[PDB]
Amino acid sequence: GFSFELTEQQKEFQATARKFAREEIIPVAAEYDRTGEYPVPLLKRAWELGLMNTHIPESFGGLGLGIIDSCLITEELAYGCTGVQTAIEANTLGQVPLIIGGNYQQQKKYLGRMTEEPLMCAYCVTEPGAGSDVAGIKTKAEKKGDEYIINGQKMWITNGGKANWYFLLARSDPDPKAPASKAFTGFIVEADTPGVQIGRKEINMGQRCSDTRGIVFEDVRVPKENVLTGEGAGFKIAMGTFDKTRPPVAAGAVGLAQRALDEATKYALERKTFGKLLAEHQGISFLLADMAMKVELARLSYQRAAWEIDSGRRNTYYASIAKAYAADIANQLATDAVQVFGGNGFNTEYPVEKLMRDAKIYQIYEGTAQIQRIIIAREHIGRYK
C-alpha cells in the first residue's frame, strides 16, 4: 500500500547529511558566499562521508543508491547552502548520462575514478544562443577517421572550470531538416584535451561559491570510443537525464525553503512588538502557517517524482510538477523569511538575504518555470486521447 516511511538505511544517510549540514556547511556558508571561493574543503568531506556520487552503480564502486536517496541527502545539504549543494549535485547531473546512455567501459572508466578520488565533472548543453531551446544548440562535431572534431561554445556550465571530464552534447547532423531525435550526439570529453578553453567565473546574485562559467571547444579531438550510445542518440539521453535529475533539484529548493521557514520561526519567537512575540500576532501566524504548508507539499511532490522513476517508469510529468512547485515556493518563502526579520532581514549580518538571492536560480536552471509548464501541459493533454 501507501508508505511515507523511511528505510532504516535512509534514516542513516539523512542523519549523516544533516549533521554535516548543520555542523560543517552552516558555520562557513556566509564566508564562502562573500568570497565566491570554490568550497574545496566541504566537497572533500562530503566525498569521504559518502554523500557524493550517490547514484553511481556499485558495479563501479558507488553506493548505487536511487533518486529517492539523492533527493533525501540533497535536501539536507541545500538546507545549509545551495551553493555548496549545487556543486555537489552537479556531479550527479553529469554522471547520469553515462549511467543511462553509456556502456560498461565508459562507466568503468569515467565513473570509476569518481569513487576512487574526489574529482568533479560537468554537464555541457547550454550555449550563449540557446538554453531552454536545446534543439537550437549550434556546437558541432564532424567525424574524421575514428574521431570527432568538435567546435562551439557552452555557457553557464556548473563545475565548468573544475571538472575532470565533461558530458558534452553537440549537433552531428548538418541537415537543418534533421529532427531533434537524430541530429545530436552525447560525447564524454576529458577536460585537459587540446582545444577546450575554459572561460572566466561568472559573478551571479546567488550560489556564489559555486563555479559556473563558459567554455569554448576549438578543434577538440574526441575518440569514437567516447560517443555514448551512438551518433544521433544525444537528445534522448539529455531528456532522460533531466527526468532523473529534476527531482533532486526540486529537493534542493525545498531544502532552501525549509531553511527559510526555520529562520523565520526562530526569529518570530525572539522578537517582541506591541508587547508580544511576532508569532503571537495572528497576522504573522497565518504567514508562518502558509509557509509550512508549502514546504510540506513541495517535499511530497519530489518524493513522488523520485519514487516514480526509481520504480522504472517515465516520470516526466511528476518530475516537472515538482521542479515547478518547489522552485516557486522556494522563492516565496525566501522573501517572506526576510520579511519577518524586518530591517535586520535586509542586512547581511543575518542569514535570510542570502536565501532570497540563492532562491531565484531555481526558477531558471534545469528548465525555467515557463518551460516546466510547457512540459506538464504536454503530458497532461497527451492523456486525453
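In case it trips you up, residue 1 is the first one in the sequence shown, and so on.
Higher average CA B factor: 66-74, of the stretches 355-363 and 66-74. Comparing the deposited coordinates for 118-126 and 188-196, the stretch with the larger average C-alpha B-factor is 188-196. Per the PDB record, 111 has a higher Cα B-factor than any other of 306, 300, 111, 264. Of all the options 178, 289, 278, 250, the entry's greatest CA B-factor is assigned to 178. Among all modelled residues in its chain, residue 133 ranks in the middle third by Cα B-factor.
In the deposited entry, the Cα temperature factor of residue 170 sits in the middle third of values across the chain's modelled residues. The PDB entry assigns residue 217 a C-alpha temperature factor belonging to the middle third of its chain's modelled residues. Placement of the Cα temperature factor of residue 34 within the chain: middle third of the modelled residues, per the deposited record. Among all modelled residues in this chain, the alpha-carbon of residue 207 has a temperature factor (C-alpha) in the lowest third.
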